[PDB]
$ cat structure21.cif   # mmCIF, C-alpha atoms
data_run
#
loop_
_atom_site.group_PDB
_atom_site.id
_atom_site.type_symbol
_atom_site.label_atom_id
_atom_site.label_comp_id
_atom_site.auth_asym_id
_atom_site.auth_seq_id
_atom_site.Cartn_x
_atom_site.Cartn_y
_atom_site.Cartn_z
ATOM 1 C CA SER A 22 63.477 135.303 42.190
ATOM 2 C CA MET A 23 64.849 132.376 44.021
ATOM 3 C CA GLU A 24 66.241 130.953 40.733
ATOM 4 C CA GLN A 25 68.290 134.199 40.042
ATOM 5 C CA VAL A 26 69.701 133.912 43.545
ATOM 6 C CA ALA A 27 70.666 130.251 43.072
ATOM 7 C CA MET A 28 72.300 131.157 39.734
ATOM 8 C CA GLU A 29 74.152 133.985 41.498
ATOM 9 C CA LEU A 30 75.408 131.591 44.199
ATOM 10 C CA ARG A 31 76.728 129.212 41.433
ATOM 11 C CA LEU A 32 78.588 132.147 39.783
ATOM 12 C CA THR A 33 80.043 133.102 43.164
ATOM 13 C CA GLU A 34 81.265 129.611 43.798
ATOM 14 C CA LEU A 35 82.714 129.368 40.240
ATOM 15 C CA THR A 36 84.474 132.654 40.990
ATOM 16 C CA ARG A 37 85.918 131.192 44.173
ATOM 17 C CA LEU A 38 87.232 128.126 42.336
ATOM 18 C CA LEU A 39 88.671 130.300 39.453
ATOM 19 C CA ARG A 40 90.411 132.513 41.991
ATOM 20 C CA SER A 41 92.259 129.467 43.407
ATOM 21 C CA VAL A 42 93.080 128.318 39.820
ATOM 22 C CA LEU A 43 94.418 131.800 38.996
ATOM 23 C CA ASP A 44 96.631 131.801 42.091
ATOM 24 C CA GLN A 45 98.036 128.369 41.206
ATOM 25 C CA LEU A 46 98.751 129.467 37.592
ATOM 26 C CA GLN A 47 100.390 132.683 38.590
ATOM 27 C CA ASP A 48 102.712 130.777 40.994
ATOM 28 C CA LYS A 49 104.054 129.083 37.867
ATOM 29 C CA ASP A 50 105.329 132.531 36.750
ATOM 30 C CA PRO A 51 107.737 133.327 39.568
ATOM 31 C CA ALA A 52 109.594 135.901 37.457
ATOM 32 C CA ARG A 53 106.314 137.880 37.123
ATOM 33 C CA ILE A 54 106.742 138.124 33.360
ATOM 34 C CA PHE A 55 102.955 137.838 32.866
ATOM 35 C CA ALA A 56 101.800 139.767 35.936
ATOM 36 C CA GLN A 57 100.882 143.062 34.277
ATOM 37 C CA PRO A 58 99.958 144.363 30.763
ATOM 38 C CA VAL A 59 102.776 144.859 28.335
ATOM 39 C CA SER A 60 103.582 148.624 28.712
ATOM 40 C CA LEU A 61 102.571 150.708 25.614
ATOM 41 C CA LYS A 62 104.973 153.389 26.862
ATOM 42 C CA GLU A 63 107.855 150.847 26.662
ATOM 43 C CA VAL A 64 106.597 148.739 23.646
ATOM 44 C CA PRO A 65 104.823 151.431 21.650
ATOM 45 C CA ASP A 66 104.148 149.226 18.555
ATOM 46 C CA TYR A 67 102.732 146.275 20.632
ATOM 47 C CA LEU A 68 99.145 146.644 19.397
ATOM 48 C CA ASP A 69 100.327 146.503 15.767
ATOM 49 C CA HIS A 70 101.470 142.938 16.638
ATOM 50 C CA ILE A 71 99.024 141.697 19.287
ATOM 51 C CA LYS A 72 95.330 142.413 18.834
ATOM 52 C CA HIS A 73 94.039 141.038 22.116
ATOM 53 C CA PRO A 74 96.633 141.679 24.909
ATOM 54 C CA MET A 75 96.210 139.822 28.177
ATOM 55 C CA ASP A 76 97.953 139.420 31.528
ATOM 56 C CA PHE A 77 97.203 138.167 35.040
ATOM 57 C CA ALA A 78 96.238 141.551 36.561
ATOM 58 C CA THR A 79 93.683 142.025 33.804
ATOM 59 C CA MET A 80 92.271 138.503 34.414
ATOM 60 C CA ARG A 81 92.058 139.201 38.126
ATOM 61 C CA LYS A 82 89.964 142.375 37.472
ATOM 62 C CA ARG A 83 87.573 140.381 35.300
ATOM 63 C CA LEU A 84 87.425 137.594 37.849
ATOM 64 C CA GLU A 85 86.549 139.866 40.795
ATOM 65 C CA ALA A 86 83.747 141.420 38.782
ATOM 66 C CA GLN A 87 82.438 137.795 38.302
ATOM 67 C CA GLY A 88 83.078 138.294 34.626
ATOM 68 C CA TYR A 89 83.939 134.651 33.884
ATOM 69 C CA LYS A 90 80.702 132.664 33.225
ATOM 70 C CA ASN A 91 82.470 129.320 32.770
ATOM 71 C CA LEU A 92 85.987 127.778 32.831
ATOM 72 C CA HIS A 93 86.201 127.945 28.974
ATOM 73 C CA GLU A 94 86.145 131.794 29.085
ATOM 74 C CA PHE A 95 88.893 131.844 31.775
ATOM 75 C CA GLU A 96 91.040 129.414 29.786
ATOM 76 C CA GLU A 97 90.643 131.547 26.682
ATOM 77 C CA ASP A 98 92.220 134.461 28.553
ATOM 78 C CA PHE A 99 95.054 132.283 29.968
ATOM 79 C CA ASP A 100 95.786 130.962 26.530
ATOM 80 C CA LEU A 101 96.004 134.581 25.206
ATOM 81 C CA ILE A 102 98.751 135.302 27.721
ATOM 82 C CA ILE A 103 100.804 132.361 26.427
ATOM 83 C CA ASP A 104 99.992 132.625 22.756
ATOM 84 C CA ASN A 105 100.602 136.424 22.539
ATOM 85 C CA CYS A 106 104.028 135.985 24.129
ATOM 86 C CA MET A 107 105.034 133.130 21.805
ATOM 87 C CA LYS A 108 104.195 135.268 18.748
ATOM 88 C CA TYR A 109 105.764 138.631 19.847
ATOM 89 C CA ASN A 110 108.905 137.095 21.249
ATOM 90 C CA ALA A 111 111.382 134.829 19.481
ATOM 91 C CA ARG A 112 112.098 131.244 20.557
ATOM 92 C CA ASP A 113 115.492 132.090 22.048
ATOM 93 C CA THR A 114 114.204 134.623 24.595
ATOM 94 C CA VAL A 115 113.516 134.454 28.305
ATOM 95 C CA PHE A 116 109.976 135.633 27.538
ATOM 96 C CA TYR A 117 109.096 132.828 25.117
ATOM 97 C CA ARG A 118 110.739 130.262 27.338
ATOM 98 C CA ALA A 119 108.744 131.514 30.359
ATOM 99 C CA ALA A 120 105.520 131.111 28.365
ATOM 100 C CA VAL A 121 106.357 127.545 27.383
ATOM 101 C CA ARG A 122 107.029 126.625 31.097
ATOM 102 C CA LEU A 123 103.786 128.379 32.166
ATOM 103 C CA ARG A 124 101.795 126.467 29.528
ATOM 104 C CA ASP A 125 103.330 123.135 30.486
ATOM 105 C CA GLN A 126 102.919 123.586 34.232
ATOM 106 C CA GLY A 127 99.486 125.192 34.002
ATOM 107 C CA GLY A 128 98.152 122.207 31.975
ATOM 108 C CA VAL A 129 98.139 120.049 35.110
ATOM 109 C CA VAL A 130 96.177 122.676 37.152
ATOM 110 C CA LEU A 131 93.653 123.235 34.348
ATOM 111 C CA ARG A 132 93.152 119.484 33.809
ATOM 112 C CA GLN A 133 91.845 119.074 37.372
ATOM 113 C CA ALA A 134 89.941 122.370 37.393
ATOM 114 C CA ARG A 135 87.918 121.015 34.439
ATOM 115 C CA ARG A 136 87.111 117.870 36.436
ATOM 116 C CA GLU A 137 86.115 120.008 39.531
ATOM 117 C CA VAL A 138 83.830 122.297 37.538
ATOM 118 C CA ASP A 139 82.149 119.286 35.831
ATOM 119 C CA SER A 140 81.937 117.414 39.187
ATOM 120 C CA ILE A 141 80.467 120.206 41.428
ATOM 121 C CA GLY A 142 78.280 121.338 38.456
#
$ encode --input "structure21.cif" --output "structure tokens"
Amino acid sequence: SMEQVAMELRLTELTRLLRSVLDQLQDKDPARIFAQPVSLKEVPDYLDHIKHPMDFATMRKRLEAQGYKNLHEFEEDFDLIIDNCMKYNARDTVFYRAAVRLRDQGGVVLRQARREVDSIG
């Protein structure tokens, strides 16, 4: 139908805007701490600690499959990256500190993305 097509064009454009958001967030992680899944070869007990692992490569796969229906779903995944790290790692680690900086800097990007998604519909 024409409506399914129009809905599909909306999802495509949301995907384009979320791709730009993802790029901006990932630039706030210049050390690439959050770029890939935590390795289960190198942290074999990780899933005993963290029940829903997340990372930027995994978000990018979901994004390119148009698997984010709205900004809320995309933010959920970004928040997992941060919140998993802040639980698994102690306060005095480069990992935790990187997550806090990513959260603080990403807030700005996500604040305007919410306005853009609301604005363009």
$ closest_residue --input "structure21.cif" --among "A:92, A:136, A:25, A:124" --to "residue 55 (chain A)" --atoms "all atoms listed in the file"
A:124
$ resolve_selection --input "structure21.cif" --expression "the PyMOL selection byres ((chain A and resi 116-122) around 9)" --output "ChimeraX atom specification"
/A:49-50,52,54-55,102-104,106-115,123-127
$ write_last_selection --input "structure21.cif" --atoms "C-alpha atoms" --output "CSV table (one decimal), keeping the file's coordinate frame"
chain,number,residue,atom,x,y,z
A,49,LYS,CA,104.1,129.1,37.9
A,50,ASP,CA,105.3,132.5,36.8
A,52,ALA,CA,109.6,135.9,37.5
A,54,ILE,CA,106.7,138.1,33.4
A,55,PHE,CA,103.0,137.8,32.9
A,102,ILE,CA,98.8,135.3,27.7
A,103,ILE,CA,100.8,132.4,26.4
A,104,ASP,CA,100.0,132.6,22.8
A,106,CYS,CA,104.0,136.0,24.1
A,107,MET,CA,105.0,133.1,21.8
A,108,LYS,CA,104.2,135.3,18.7
A,109,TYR,CA,105.8,138.6,19.8
A,110,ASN,CA,108.9,137.1,21.2
A,111,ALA,CA,111.4,134.8,19.5
A,112,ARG,CA,112.1,131.2,20.6
A,113,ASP,CA,115.5,132.1,22.0
A,114,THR,CA,114.2,134.6,24.6
A,115,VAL,CA,113.5,134.5,28.3
A,123,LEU,CA,103.8,128.4,32.2
A,124,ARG,CA,101.8,126.5,29.5
A,125,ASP,CA,103.3,123.1,30.5
A,126,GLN,CA,102.9,123.6,34.2
A,127,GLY,CA,99.5,125.2,34.0
$ resolve_selection --input "structure21.cif" --expression "the PyMOL selection byres ((chain A and resi 75) around 12)" --output "PyMOL selection string"
chain A and resi 54-60+67-68+71-74+76-83+95-106
$ atom_distance --input "structure21.cif" --atom1 "CA of residue 65 (chain A)" --atom2 "CA of residue 53 (chain A)"
20.6 Å
$ atom_distance --input "structure21.cif" --atom1 "CA of residue 42 (chain A)" --atom2 "CA of residue 130 (chain A)"
7.0 Å
$ closest_residue --input "structure21.cif" --among "A:40, A:62, A:135, A:70" --to "residue 87 (chain A)" --atoms "only C-alpha atoms"
A:40
$ resolve_selection --input "structure21.cif" --expression "the PyMOL selection byres ((chain A and resi 38) around 12)" --output "VMD selection string"
chain A and resid 31 to 37 39 to 45 84 to 85 87 89 91 to 92 95 130 to 131 133 to 138 141 to 142
$ atom_distance --input "structure21.cif" --atom1 "CA of residue 132 (chain A)" --atom2 "CA of residue 47 (chain A)"
15.8 Å
